[PDB]
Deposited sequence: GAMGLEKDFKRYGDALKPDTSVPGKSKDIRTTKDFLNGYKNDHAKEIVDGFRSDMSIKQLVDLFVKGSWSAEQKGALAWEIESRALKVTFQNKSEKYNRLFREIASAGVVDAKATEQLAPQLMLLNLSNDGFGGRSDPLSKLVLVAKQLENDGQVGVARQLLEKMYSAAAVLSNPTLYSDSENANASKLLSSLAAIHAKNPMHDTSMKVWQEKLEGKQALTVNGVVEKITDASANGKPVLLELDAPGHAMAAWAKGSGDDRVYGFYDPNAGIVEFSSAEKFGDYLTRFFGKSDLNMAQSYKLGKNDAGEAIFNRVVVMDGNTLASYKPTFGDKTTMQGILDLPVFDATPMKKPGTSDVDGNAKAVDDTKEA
């Protein structure tokens, strides 16, 4: 552990700024969200970094440790239970169900991060299904993320099958990332790909979504920044027509007012308010306006039927119907 004592030594107003705001993805090339504390310490000393970048790696390390600090408050009961269960006679019904008083749920990591693309695509499938008459399917996906995290964080309170449900959810996301429907070799998931000289800005996206000519028909866009995927959609008819945005790092907004949808996206990406074009590092078209690298117009019925895992019937629609909790 010379790694750790060397981290120690080389350990400021840019630091604080890296720690809080300048997050490591985006500004520390080679940071991956699936990295352990051991691996992030490796990357810290191994490399040469600005005080911002150190700040950001420090947050990635310390945020992870914090989670465990809270988990370890259960450990003295865990340890007692294990000394007793695993000494002397065998008790097939020896069980503990821990009740921690604090739990830190971090959806950026322990296999919850790096999934903006699979989540975007799944939310789009959900919106197609909602367009077709189902209710609350995208919401129920996001809810399932929080529930799965709780389960994996505190497994002893949940059944075996619930622990396996939660894992299966995460491995479903990994599978979608592993075998992207955009780089496929059998079927076509999309209607079109707008990039290069047809690349859309935020305003174009606003228009492709709120266009009067699409009235009564779903519109299902994946929005790709350099390292990050988002979704937008329109669904329903007339008064029930709705326009929506989903950033995996933020949540979902919906409006029936096109103006309101347009102002949200404009102020979300633009420098007037949240400045997300810069912080997701969107490139610029010939006029200097922020564009997405790619906007994919999606065929919702065909994306709903896509199977991301070889030798497994589970479609995207199926992945949306995966439980975390055991059925009632």
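According to the record, C-alpha coordinates are lacking for deposited residues 1-5, 17-31, 349-371.
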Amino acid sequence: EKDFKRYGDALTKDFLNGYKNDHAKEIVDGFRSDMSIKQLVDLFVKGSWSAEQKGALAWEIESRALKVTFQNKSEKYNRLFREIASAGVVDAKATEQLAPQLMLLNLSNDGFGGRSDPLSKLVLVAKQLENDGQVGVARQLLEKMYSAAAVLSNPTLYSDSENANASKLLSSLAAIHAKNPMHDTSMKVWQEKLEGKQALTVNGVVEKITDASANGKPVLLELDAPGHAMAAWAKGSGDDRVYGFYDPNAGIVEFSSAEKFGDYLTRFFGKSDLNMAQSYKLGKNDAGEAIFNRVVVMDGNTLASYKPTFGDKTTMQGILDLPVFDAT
From here on, numbers count along this sequence of modelled residues.
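When the two stretches 68-76 and 151-159 are set side by side, the higher mean Cα temperature factor goes to 68-76. When the mean C-alpha temperature factors of 78-86 and 189-197 are read from the deposited coordinates, 189-197 comes out higher. When the Cα B-factors of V28, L282, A287, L274 are read from the PDB record, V28 comes out highest. Of the candidates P226, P248, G204, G244, it is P226 whose Cα B-factor is highest according to the PDB record. When the modelled residues of the chain are ordered by their C-alpha B factor, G262 lands in the lowest third. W49: CA B factor in the highest third of modelled residues in this chain (values from the PDB entry). For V324, the recorded CA temperature factor ranks within the lowest third of the chain's modelled residues. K217: CA B factor lies in the highest third for its chain, per the PDB record.
The deposited CA B-factor of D240 belongs to the highest third of values across its chain.
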